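Worksheet: one structure, shown below.
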There are 2 protein chains.
Amino acid sequence: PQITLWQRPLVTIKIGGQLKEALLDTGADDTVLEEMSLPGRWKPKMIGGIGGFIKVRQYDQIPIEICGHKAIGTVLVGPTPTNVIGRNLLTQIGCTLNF
Amino acid sequence: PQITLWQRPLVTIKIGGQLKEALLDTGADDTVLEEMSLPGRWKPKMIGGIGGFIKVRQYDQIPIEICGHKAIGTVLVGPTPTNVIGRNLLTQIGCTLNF
Ligand SMILES: C=CCNC(=O)[C@@H](NC(=O)[C@@](O)(CCCN(Cc1ccc(-c2ccccc2)cc1)NC(=O)[C@@H](NC(=O)OC)C(C)(C)C)Cc1ccc(CC=C)cc1)C(C)C
Ligand SMILES: [Cl-]
Ligand SMILES: [Cl-]
Ligand SMILES: [Cl-]
């Protein structure tokens, strides 16, 4: 699709059997989701932005589906104020900025 | 242009006669720049990121070039980790997401 920026670019994702809304965030290096359960190994991480840093769990190799596009990547889980899809996954669905 | 997301979408902006690097950021409602001088009066604004809230100075109707594309709009100045161009100015330059 072509996605306008008049509004926040929110999409539906399927992850871990769950349906979730997330923001397509070209300013995020990583994908960060609100608290949720994921399978497999994780390690702690600190990620930072306006207002400072938060602690997350980093899960690698997580299957995600965004707009019918299957991808696989790292998902960070923690007390983010909003679900964000970062570049790590945006690349995998072939997403670009165009002007 | 068309910008892929395998790296940070950093571009050059020009504001008040100077060049800076800024991040094209679709997850951001607003454009926030690191500490700098701007003409005229400013208003207070709180903006929230991953780490919580900062106070910034809001300047209105500020001419800014983004990738040679001319825009005039609101610029926030505050303690941001990086210069970010948010959707307020991305829409002015005709930016969309595409996949
Ligand atoms: C460890 C890797 C480096 N860190 C990052 O890449 C992180 N990225 C970000 O913080 C942003 O991409 C910002 C994410 C987008 N957020 C997503 C976001 C959206 C809403 C909220 C929110 C806050 C309070 C209440 C309700 C919602 C929080 C985060 N939006 C905002 O921050 C905007 N907020 C906004 O538009 O208000 C709606 C701002 C810029 C005006 C503050 C911008 C950004 C990119 C990169 C860096 C660091 C680069 C050296 C710092 C900031 C992380 C999310 C992956
Ligand atoms: Cl990844
Ligand atoms: Cl590509
Ligand atoms: Cl504006």
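Scheme for the structure tokens: letters A, B, ... for chains in order shown; per-chain residue numbers from 1; ligand numbers from 1 in order shown.
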
Fit chain A to chain B, all Cα atoms paired in order, least squares. Then write it as an mmCIF file with N, CA, C and O atoms, in the first residue's frame.
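What landed in result_32.cif:
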```
data_model
loop_
_atom_site.group_PDB
_atom_site.id
_atom_site.type_symbol
_atom_site.label_atom_id
_atom_site.label_comp_id
_atom_site.auth_asym_id
_atom_site.auth_seq_id
_atom_site.Cartn_x
_atom_site.Cartn_y
_atom_site.Cartn_z
ATOM 1 N N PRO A 1 13.159 11.224 -3.776
ATOM 2 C CA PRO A 1 13.943 9.996 -3.724
ATOM 3 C C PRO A 1 13.131 8.850 -3.133
ATOM 4 O O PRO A 1 12.113 9.090 -2.483
ATOM 5 N N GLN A 2 13.585 7.622 -3.367
ATOM 6 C CA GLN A 2 13.162 6.482 -2.563
ATOM 7 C C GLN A 2 14.204 6.180 -1.495
ATOM 8 O O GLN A 2 15.363 5.903 -1.810
ATOM 9 N N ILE A 3 13.786 6.234 -0.234
ATOM 10 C CA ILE A 3 14.714 6.061 0.877
ATOM 11 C C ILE A 3 14.547 4.719 1.580
ATOM 12 O O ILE A 3 13.487 4.410 2.126
ATOM 13 N N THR A 4 15.614 3.927 1.549
ATOM 14 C CA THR A 4 15.635 2.597 2.146
ATOM 15 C C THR A 4 15.553 2.690 3.668
ATOM 16 O O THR A 4 15.854 3.732 4.251
ATOM 17 N N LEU A 5 15.144 1.601 4.312
ATOM 18 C CA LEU A 5 15.078 1.562 5.768
ATOM 19 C C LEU A 5 16.040 0.546 6.376
ATOM 20 O O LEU A 5 15.972 0.262 7.574
ATOM 21 N N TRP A 6 16.933 0.001 5.555
ATOM 22 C CA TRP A 6 18.046 -0.794 6.066
ATOM 23 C C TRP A 6 18.843 -0.020 7.112
ATOM 24 O O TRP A 6 19.323 -0.594 8.089
ATOM 25 N N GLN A 7 18.986 1.285 6.900
ATOM 26 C CA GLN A 7 19.637 2.152 7.877
ATOM 27 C C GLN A 7 18.671 3.237 8.338
ATOM 28 O O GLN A 7 17.652 3.480 7.693
ATOM 29 N N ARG A 8 18.993 3.886 9.451
ATOM 30 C CA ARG A 8 18.292 5.099 9.863
ATOM 31 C C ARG A 8 18.209 6.093 8.710
ATOM 32 O O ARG A 8 19.228 6.418 8.100
ATOM 33 N N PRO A 9 16.994 6.577 8.407
ATOM 34 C CA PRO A 9 16.800 7.553 7.338
ATOM 35 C C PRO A 9 17.203 8.957 7.781
ATOM 36 O O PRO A 9 16.356 9.748 8.195
ATOM 37 N N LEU A 10 18.495 9.256 7.694
ATOM 38 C CA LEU A 10 19.011 10.561 8.091
ATOM 39 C C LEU A 10 19.137 11.475 6.878
ATOM 40 O O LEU A 10 19.632 11.062 5.829
ATOM 41 N N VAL A 11 18.688 12.717 7.023
ATOM 42 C CA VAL A 11 18.845 13.712 5.969
ATOM 43 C C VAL A 11 19.533 14.974 6.485
ATOM 44 O O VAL A 11 19.674 15.170 7.692
ATOM 45 N N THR A 12 19.961 15.826 5.558
ATOM 46 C CA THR A 12 20.367 17.187 5.889
ATOM 47 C C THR A 12 19.178 18.136 5.797
ATOM 48 O O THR A 12 18.396 18.086 4.848
ATOM 49 N N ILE A 13 19.047 18.999 6.798
ATOM 50 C CA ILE A 13 18.085 20.089 6.746
ATOM 51 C C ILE A 13 18.828 21.419 6.821
ATOM 52 O O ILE A 13 19.886 21.511 7.443
ATOM 53 N N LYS A 14 18.270 22.440 6.178
ATOM 54 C CA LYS A 14 18.663 23.821 6.432
ATOM 55 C C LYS A 14 17.584 24.525 7.250
ATOM 56 O O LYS A 14 16.425 24.596 6.839
ATOM 57 N N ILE A 15 17.973 25.040 8.411
ATOM 58 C CA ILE A 15 17.041 25.722 9.302
ATOM 59 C C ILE A 15 17.762 26.818 10.081
ATOM 60 O O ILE A 15 18.829 26.587 10.650
ATOM 61 N N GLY A 16 17.174 28.010 10.094
ATOM 62 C CA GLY A 16 17.706 29.123 10.874
ATOM 63 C C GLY A 16 19.129 29.484 10.492
ATOM 64 O O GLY A 16 19.911 29.928 11.331
ATOM 65 N N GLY A 17 19.468 29.294 9.220
ATOM 66 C CA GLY A 17 20.813 29.580 8.736
ATOM 67 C C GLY A 17 21.790 28.455 9.019
ATOM 68 O O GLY A 17 22.958 28.529 8.639
ATOM 69 N N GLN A 18 21.315 27.409 9.687
ATOM 70 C CA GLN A 18 22.184 26.319 10.118
ATOM 71 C C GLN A 18 21.948 25.038 9.324
ATOM 72 O O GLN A 18 20.829 24.755 8.898
ATOM 73 N N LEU A 19 23.014 24.266 9.126
ATOM 74 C CA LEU A 19 22.901 22.932 8.549
ATOM 75 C C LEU A 19 22.909 21.882 9.654
ATOM 76 O O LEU A 19 23.714 21.954 10.583
ATOM 77 N N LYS A 20 22.008 20.910 9.550
ATOM 78 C CA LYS A 20 21.819 19.924 10.607
ATOM 79 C C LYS A 20 21.411 18.581 10.013
ATOM 80 O O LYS A 20 20.727 18.527 8.992
ATOM 81 N N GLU A 21 21.838 17.500 10.656
ATOM 82 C CA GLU A 21 21.332 16.168 10.342
ATOM 83 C C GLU A 21 20.083 15.880 11.169
ATOM 84 O O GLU A 21 20.012 16.247 12.342
ATOM 85 N N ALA A 22 19.100 15.228 10.554
ATOM 86 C CA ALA A 22 17.869 14.859 11.245
ATOM 87 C C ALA A 22 17.332 13.515 10.765
ATOM 88 O O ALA A 22 17.637 13.079 9.658
ATOM 89 N N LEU A 23 16.533 12.867 11.606
ATOM 90 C CA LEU A 23 15.960 11.564 11.292
ATOM 91 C C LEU A 23 14.539 11.742 10.765
ATOM 92 O O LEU A 23 13.738 12.461 11.363
ATOM 93 N N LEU A 24 14.233 11.094 9.645
ATOM 94 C CA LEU A 24 12.878 11.103 9.106
ATOM 95 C C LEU A 24 12.002 10.121 9.876
ATOM 96 O O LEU A 24 12.124 8.906 9.711
ATOM 97 N N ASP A 25 11.126 10.659 10.719
ATOM 98 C CA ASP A 25 10.491 9.879 11.775
ATOM 99 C C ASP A 25 8.970 9.890 11.655
ATOM 100 O O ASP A 25 8.308 10.794 12.165
ATOM 101 N N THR A 26 8.426 8.882 10.981
ATOM 102 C CA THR A 26 6.989 8.811 10.738
ATOM 103 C C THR A 26 6.223 8.578 12.035
ATOM 104 O O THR A 26 5.001 8.720 12.076
ATOM 105 N N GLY A 27 6.951 8.220 13.087
ATOM 106 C CA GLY A 27 6.350 7.988 14.395
ATOM 107 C C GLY A 27 6.257 9.251 15.229
ATOM 108 O O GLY A 27 5.623 9.267 16.286
ATOM 109 N N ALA A 28 6.892 10.319 14.758
ATOM 110 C CA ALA A 28 6.805 11.605 15.438
ATOM 111 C C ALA A 28 5.681 12.449 14.851
ATOM 112 O O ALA A 28 5.639 12.685 13.644
ATOM 113 N N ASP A 29 4.773 12.898 15.714
ATOM 114 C CA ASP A 29 3.799 13.926 15.361
ATOM 115 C C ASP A 29 4.486 15.235 14.981
ATOM 116 O O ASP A 29 4.074 15.921 14.046
ATOM 117 N N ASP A 30 5.540 15.582 15.713
ATOM 118 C CA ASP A 30 6.137 16.910 15.615
ATOM 119 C C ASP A 30 7.602 16.814 15.202
ATOM 120 O O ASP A 30 8.217 15.752 15.293
ATOM 121 N N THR A 31 8.155 17.934 14.747
ATOM 122 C CA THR A 31 9.592 18.037 14.523
ATOM 123 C C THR A 31 10.304 18.537 15.774
ATOM 124 O O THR A 31 9.981 19.603 16.298
ATOM 125 N N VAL A 32 11.273 17.760 16.247
ATOM 126 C CA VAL A 32 12.025 18.109 17.446
ATOM 127 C C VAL A 32 13.515 18.231 17.150
ATOM 128 O O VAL A 32 14.139 17.304 16.633
ATOM 129 N N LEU A 33 14.081 19.384 17.485
ATOM 130 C CA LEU A 33 15.501 19.618 17.275
ATOM 131 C C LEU A 33 16.217 19.869 18.599
ATOM 132 O O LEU A 33 15.636 20.408 19.543
ATOM 133 N N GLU A 34 17.483 19.469 18.656
ATOM 134 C CA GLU A 34 18.363 19.814 19.764
ATOM 135 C C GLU A 34 18.439 21.325 19.963
ATOM 136 O O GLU A 34 18.011 22.093 19.099
ATOM 137 N N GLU A 35 18.983 21.745 21.102
ATOM 138 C CA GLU A 35 18.971 23.154 21.480
ATOM 139 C C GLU A 35 19.550 24.035 20.377
ATOM 140 O O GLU A 35 20.619 23.754 19.834
ATOM 141 N N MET A 36 18.832 25.104 20.053
ATOM 142 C CA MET A 36 19.239 26.014 18.991
ATOM 143 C C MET A 36 18.416 27.293 19.085
ATOM 144 O O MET A 36 17.389 27.332 19.764
ATOM 145 N N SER A 37 18.876 28.334 18.400
ATOM 146 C CA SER A 37 18.212 29.631 18.432
ATOM 147 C C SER A 37 17.262 29.779 17.250
ATOM 148 O O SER A 37 17.648 29.557 16.103
ATOM 149 N N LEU A 38 16.020 30.153 17.539
ATOM 150 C CA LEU A 38 15.058 30.479 16.493
ATOM 151 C C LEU A 38 14.398 31.831 16.745
ATOM 152 O O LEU A 38 14.189 32.222 17.893
ATOM 153 N N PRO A 39 14.066 32.553 15.664
ATOM 154 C CA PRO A 39 13.423 33.859 15.760
ATOM 155 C C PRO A 39 11.937 33.746 16.088
ATOM 156 O O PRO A 39 11.338 32.688 15.902
ATOM 157 N N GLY A 40 11.350 34.835 16.573
ATOM 158 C CA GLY A 40 9.901 34.921 16.703
ATOM 159 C C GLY A 40 9.407 34.350 18.017
ATOM 160 O O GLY A 40 10.203 34.032 18.901
ATOM 161 N N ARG A 41 8.090 34.225 18.142
ATOM 162 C CA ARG A 41 7.465 33.840 19.403
ATOM 163 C C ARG A 41 7.552 32.333 19.617
ATOM 164 O O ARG A 41 7.673 31.567 18.662
ATOM 165 N N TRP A 42 7.489 31.921 20.880
ATOM 166 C CA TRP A 42 7.407 30.509 21.235
ATOM 167 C C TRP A 42 6.563 30.318 22.492
ATOM 168 O O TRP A 42 6.368 31.254 23.268
ATOM 169 N N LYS A 43 6.062 29.103 22.689
ATOM 170 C CA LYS A 43 5.443 28.722 23.954
ATOM 171 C C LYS A 43 6.002 27.386 24.434
ATOM 172 O O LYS A 43 6.383 26.546 23.620
ATOM 173 N N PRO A 44 6.060 27.189 25.760
ATOM 174 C CA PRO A 44 6.542 25.921 26.299
ATOM 175 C C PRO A 44 5.611 24.767 25.945
ATOM 176 O O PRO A 44 4.411 24.973 25.769
ATOM 177 N N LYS A 45 6.170 23.565 25.838
ATOM 178 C CA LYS A 45 5.393 22.365 25.544
ATOM 179 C C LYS A 45 6.036 21.149 26.204
ATOM 180 O O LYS A 45 7.250 21.122 26.413
ATOM 181 N N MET A 46 5.221 20.151 26.535
ATOM 182 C CA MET A 46 5.730 18.848 26.952
ATOM 183 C C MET A 46 5.439 17.780 25.902
ATOM 184 O O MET A 46 4.294 17.588 25.493
ATOM 185 N N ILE A 47 6.481 17.084 25.461
ATOM 186 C CA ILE A 47 6.308 16.016 24.484
ATOM 187 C C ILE A 47 6.875 14.692 24.979
ATOM 188 O O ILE A 47 7.908 14.650 25.648
ATOM 189 N N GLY A 48 6.187 13.605 24.649
ATOM 190 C CA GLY A 48 6.432 12.333 25.312
ATOM 191 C C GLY A 48 6.669 11.176 24.361
ATOM 192 O O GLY A 48 6.199 11.182 23.223
ATOM 193 N N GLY A 49 7.407 10.180 24.839
ATOM 194 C CA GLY A 49 7.705 8.992 24.050
ATOM 195 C C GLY A 49 8.274 7.940 24.982
ATOM 196 O O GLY A 49 8.164 8.065 26.203
ATOM 197 N N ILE A 50 8.885 6.902 24.421
ATOM 198 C CA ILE A 50 9.571 5.921 25.251
ATOM 199 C C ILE A 50 10.465 6.648 26.251
ATOM 200 O O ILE A 50 11.270 7.499 25.875
ATOM 201 N N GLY A 51 10.311 6.316 27.528
ATOM 202 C CA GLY A 51 11.166 6.876 28.568
ATOM 203 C C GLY A 51 10.604 8.115 29.235
ATOM 204 O O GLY A 51 11.114 8.556 30.264
ATOM 205 N N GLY A 52 9.552 8.684 28.654
ATOM 206 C CA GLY A 52 8.817 9.762 29.309
ATOM 207 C C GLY A 52 8.788 11.060 28.525
ATOM 208 O O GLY A 52 8.795 11.058 27.293
ATOM 209 N N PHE A 53 8.750 12.175 29.247
ATOM 210 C CA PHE A 53 8.462 13.472 28.643
ATOM 211 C C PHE A 53 9.651 14.420 28.748
ATOM 212 O O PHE A 53 10.458 14.318 29.673
ATOM 213 N N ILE A 54 9.751 15.340 27.794
ATOM 214 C CA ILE A 54 10.687 16.455 27.895
ATOM 215 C C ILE A 54 9.990 17.789 27.638
ATOM 216 O O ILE A 54 8.985 17.856 26.928
ATOM 217 N N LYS A 55 10.532 18.852 28.223
ATOM 218 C CA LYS A 55 10.063 20.206 27.953
ATOM 219 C C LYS A 55 10.785 20.797 26.747
ATOM 220 O O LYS A 55 12.012 20.747 26.658
ATOM 221 N N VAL A 56 10.015 21.356 25.819
ATOM 222 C CA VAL A 56 10.576 22.055 24.668
ATOM 223 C C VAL A 56 9.998 23.462 24.529
ATOM 224 O O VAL A 56 8.998 23.806 25.162
ATOM 225 N N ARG A 57 10.634 24.275 23.694
ATOM 226 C CA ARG A 57 9.996 25.477 23.169
ATOM 227 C C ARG A 57 9.393 25.217 21.790
ATOM 228 O O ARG A 57 10.052 24.682 20.898
ATOM 229 N N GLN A 58 8.133 25.600 21.623
ATOM 230 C CA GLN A 58 7.446 25.445 20.349
ATOM 231 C C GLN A 58 7.466 26.746 19.553
ATOM 232 O O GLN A 58 6.891 27.748 19.975
ATOM 233 N N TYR A 59 8.132 26.720 18.403
ATOM 234 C CA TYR A 59 8.109 27.837 17.462
ATOM 235 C C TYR A 59 7.257 27.472 16.251
ATOM 236 O O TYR A 59 7.476 26.435 15.626
ATOM 237 N N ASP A 60 6.292 28.322 15.919
ATOM 238 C CA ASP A 60 5.459 28.090 14.744
ATOM 239 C C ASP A 60 5.964 28.880 13.542
ATOM 240 O O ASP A 60 6.674 29.875 13.696
ATOM 241 N N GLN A 61 5.593 28.425 12.348
ATOM 242 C CA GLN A 61 5.862 29.153 11.112
ATOM 243 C C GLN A 61 7.353 29.311 10.832
ATOM 244 O O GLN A 61 7.806 30.386 10.438
ATOM 245 N N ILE A 62 8.111 28.239 11.035
ATOM 246 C CA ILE A 62 9.548 28.265 10.792
ATOM 247 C C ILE A 62 9.866 27.675 9.420
ATOM 248 O O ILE A 62 9.481 26.544 9.126
ATOM 249 N N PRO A 63 10.566 28.443 8.572
ATOM 250 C CA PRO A 63 11.018 27.934 7.283
ATOM 251 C C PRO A 63 12.088 26.861 7.447
ATOM 252 O O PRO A 63 13.064 27.055 8.171
ATOM 253 N N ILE A 64 11.895 25.732 6.774
ATOM 254 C CA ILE A 64 12.869 24.649 6.791
ATOM 255 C C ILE A 64 13.045 24.101 5.377
ATOM 256 O O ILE A 64 12.099 24.078 4.591
ATOM 257 N N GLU A 65 14.258 23.664 5.055
ATOM 258 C CA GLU A 65 14.513 23.001 3.781
ATOM 259 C C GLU A 65 15.063 21.587 3.954
ATOM 260 O O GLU A 65 16.110 21.386 4.568
ATOM 261 N N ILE A 66 14.349 20.610 3.407
ATOM 262 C CA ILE A 66 14.706 19.205 3.564
ATOM 263 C C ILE A 66 14.847 18.561 2.189
ATOM 264 O O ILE A 66 13.863 18.400 1.467
ATOM 265 N N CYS A 67 16.074 18.199 1.828
ATOM 266 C CA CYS A 67 16.340 17.584 0.533
ATOM 267 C C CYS A 67 15.879 18.473 -0.615
ATOM 268 O O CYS A 67 15.233 18.005 -1.554
ATOM 269 N N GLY A 68 16.214 19.758 -0.537
ATOM 270 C CA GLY A 68 15.869 20.700 -1.594
ATOM 271 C C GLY A 68 14.409 21.102 -1.537
ATOM 272 O O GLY A 68 13.983 22.024 -2.231
ATOM 273 N N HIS A 69 13.641 20.405 -0.706
ATOM 274 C CA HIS A 69 12.232 20.728 -0.515
ATOM 275 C C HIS A 69 12.045 21.757 0.591
ATOM 276 O O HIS A 69 12.250 21.463 1.771
ATOM 277 N N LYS A 70 11.653 22.964 0.198
ATOM 278 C CA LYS A 70 11.224 23.978 1.154
ATOM 279 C C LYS A 70 9.874 23.645 1.786
ATOM 280 O O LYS A 70 8.910 23.305 1.098
ATOM 281 N N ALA A 71 9.817 23.743 3.109
ATOM 282 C CA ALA A 71 8.552 23.648 3.822
ATOM 283 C C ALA A 71 8.516 24.671 4.950
ATOM 284 O O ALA A 71 9.530 25.285 5.279
ATOM 285 N N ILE A 72 7.338 24.847 5.537
ATOM 286 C CA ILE A 72 7.190 25.707 6.700
ATOM 287 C C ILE A 72 6.275 25.034 7.718
ATOM 288 O O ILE A 72 5.226 24.499 7.364
ATOM 289 N N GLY A 73 6.680 25.049 8.984
ATOM 290 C CA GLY A 73 5.911 24.383 10.026
ATOM 291 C C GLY A 73 6.388 24.715 11.426
ATOM 292 O O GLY A 73 7.259 25.564 11.613
ATOM 293 N N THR A 74 5.805 24.035 12.408
ATOM 294 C CA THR A 74 6.229 24.154 13.795
ATOM 295 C C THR A 74 7.482 23.324 14.047
ATOM 296 O O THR A 74 7.571 22.170 13.626
ATOM 297 N N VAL A 75 8.449 23.926 14.734
ATOM 298 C CA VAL A 75 9.630 23.209 15.191
ATOM 299 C C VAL A 75 9.716 23.302 16.709
ATOM 300 O O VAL A 75 9.643 24.393 17.277
ATOM 301 N N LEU A 76 9.868 22.151 17.358
ATOM 302 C CA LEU A 76 10.097 22.108 18.797
ATOM 303 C C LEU A 76 11.595 22.036 19.074
ATOM 304 O O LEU A 76 12.319 21.307 18.400
ATOM 305 N N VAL A 77 12.048 22.800 20.065
ATOM 306 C CA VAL A 77 13.463 22.872 20.422
ATOM 307 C C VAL A 77 13.672 22.485 21.883
ATOM 308 O O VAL A 77 12.968 22.978 22.766
ATOM 309 N N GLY A 78 14.637 21.604 22.135
ATOM 310 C CA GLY A 78 14.901 21.130 23.489
ATOM 311 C C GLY A 78 15.892 19.984 23.567
ATOM 312 O O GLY A 78 16.573 19.674 22.589
ATOM 313 N N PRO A 79 15.976 19.342 24.742
ATOM 314 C CA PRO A 79 16.965 18.307 25.026
ATOM 315 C C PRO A 79 16.565 16.944 24.473
ATOM 316 O O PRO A 79 16.635 15.942 25.186
ATOM 317 N N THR A 80 16.148 16.909 23.213
ATOM 318 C CA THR A 80 15.942 15.647 22.516
ATOM 319 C C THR A 80 17.290 14.988 22.241
ATOM 320 O O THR A 80 18.259 15.666 21.903
ATOM 321 N N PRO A 81 17.358 13.659 22.395
ATOM 322 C CA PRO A 81 18.632 12.975 22.206
ATOM 323 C C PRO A 81 19.017 12.878 20.733
ATOM 324 O O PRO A 81 20.176 12.618 20.416
ATOM 325 N N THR A 82 18.051 13.088 19.843
ATOM 326 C CA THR A 82 18.334 13.123 18.412
ATOM 327 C C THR A 82 17.336 13.988 17.647
ATOM 328 O O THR A 82 16.146 14.012 17.963
ATOM 329 N N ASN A 83 17.835 14.699 16.641
ATOM 330 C CA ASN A 83 17.004 15.531 15.774
ATOM 331 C C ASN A 83 16.020 14.703 14.952
ATOM 332 O O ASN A 83 16.422 13.798 14.220
ATOM 333 N N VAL A 84 14.733 15.010 15.061
ATOM 334 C CA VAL A 84 13.731 14.262 14.311
ATOM 335 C C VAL A 84 12.846 15.175 13.471
ATOM 336 O O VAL A 84 12.349 16.191 13.956
ATOM 337 N N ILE A 85 12.659 14.808 12.207
ATOM 338 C CA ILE A 85 11.619 15.412 11.380
ATOM 339 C C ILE A 85 10.313 14.640 11.521
ATOM 340 O O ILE A 85 10.244 13.462 11.177
ATOM 341 N N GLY A 86 9.279 15.306 12.028
ATOM 342 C CA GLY A 86 8.002 14.649 12.287
ATOM 343 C C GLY A 86 7.006 14.841 11.160
ATOM 344 O O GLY A 86 7.312 15.483 10.154
ATOM 345 N N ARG A 87 5.811 14.284 11.328
ATOM 346 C CA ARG A 87 4.832 14.233 10.250
ATOM 347 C C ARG A 87 4.418 15.637 9.821
ATOM 348 O O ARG A 87 4.168 15.890 8.640
ATOM 349 N N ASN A 88 4.351 16.545 10.790
ATOM 350 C CA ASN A 88 3.985 17.927 10.505
ATOM 351 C C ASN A 88 4.758 18.516 9.328
ATOM 352 O O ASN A 88 4.224 19.344 8.590
ATOM 353 N N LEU A 89 6.002 18.083 9.144
ATOM 354 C CA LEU A 89 6.830 18.575 8.045
ATOM 355 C C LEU A 89 6.975 17.550 6.922
ATOM 356 O O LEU A 89 7.137 17.913 5.756
ATOM 357 N N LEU A 90 6.921 16.271 7.278
ATOM 358 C CA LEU A 90 7.018 15.202 6.292
ATOM 359 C C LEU A 90 5.892 15.289 5.264
ATOM 360 O O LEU A 90 6.099 15.021 4.081
ATOM 361 N N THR A 91 4.700 15.665 5.714
ATOM 362 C CA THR A 91 3.577 15.865 4.806
ATOM 363 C C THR A 91 3.919 16.917 3.754
ATOM 364 O O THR A 91 3.642 16.738 2.567
ATOM 365 N N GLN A 92 4.529 18.010 4.203
ATOM 366 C CA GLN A 92 4.723 19.195 3.375
ATOM 367 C C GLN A 92 5.696 18.952 2.225
ATOM 368 O O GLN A 92 5.650 19.636 1.204
ATOM 369 N N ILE A 93 6.580 17.975 2.385
ATOM 370 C CA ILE A 93 7.491 17.617 1.305
ATOM 371 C C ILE A 93 6.972 16.440 0.484
ATOM 372 O O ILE A 93 7.638 15.981 -0.445
ATOM 373 N N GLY A 94 5.784 15.955 0.830
ATOM 374 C CA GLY A 94 5.112 14.933 0.035
ATOM 375 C C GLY A 94 5.612 13.534 0.337
ATOM 376 O O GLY A 94 5.623 12.664 -0.535
ATOM 377 N N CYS A 95 6.023 13.315 1.580
ATOM 378 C CA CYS A 95 6.632 12.050 1.974
ATOM 379 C C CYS A 95 5.575 11.007 2.323
ATOM 380 O O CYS A 95 4.627 11.291 3.053
ATOM 381 N N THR A 96 5.738 9.796 1.800
ATOM 382 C CA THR A 96 4.822 8.707 2.126
ATOM 383 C C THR A 96 5.573 7.427 2.483
ATOM 384 O O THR A 96 6.731 7.253 2.099
ATOM 385 N N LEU A 97 4.904 6.542 3.217
ATOM 386 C CA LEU A 97 5.354 5.161 3.362
ATOM 387 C C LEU A 97 4.796 4.286 2.243
ATOM 388 O O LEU A 97 3.615 4.374 1.909
ATOM 389 N N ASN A 98 5.647 3.442 1.669
ATOM 390 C CA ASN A 98 5.219 2.553 0.597
ATOM 391 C C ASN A 98 5.707 1.122 0.790
ATOM 392 O O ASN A 98 6.903 0.883 0.952
ATOM 393 N N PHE A 99 4.775 0.174 0.770
ATOM 394 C CA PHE A 99 5.118 -1.238 0.634
ATOM 395 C C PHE A 99 4.064 -2.007 -0.154
ATOM 396 O O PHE A 99 3.186 -1.419 -0.789
#
```

Using backbone DSSP assignments, extract all alpha helix (DSSP H) residues from region 2-99 of chain A; output them as a ChimeraX atom specification. /A:87-90

Could you go through chain A and tell me which residues DSSP, when run on the backbone, assigns to strand (DSSP E or B), listing them as a PyMOL selection string? chain A and resi 2-3+10-15+18-24+31-33+42-49+52-66+69-77+84-85+96-98
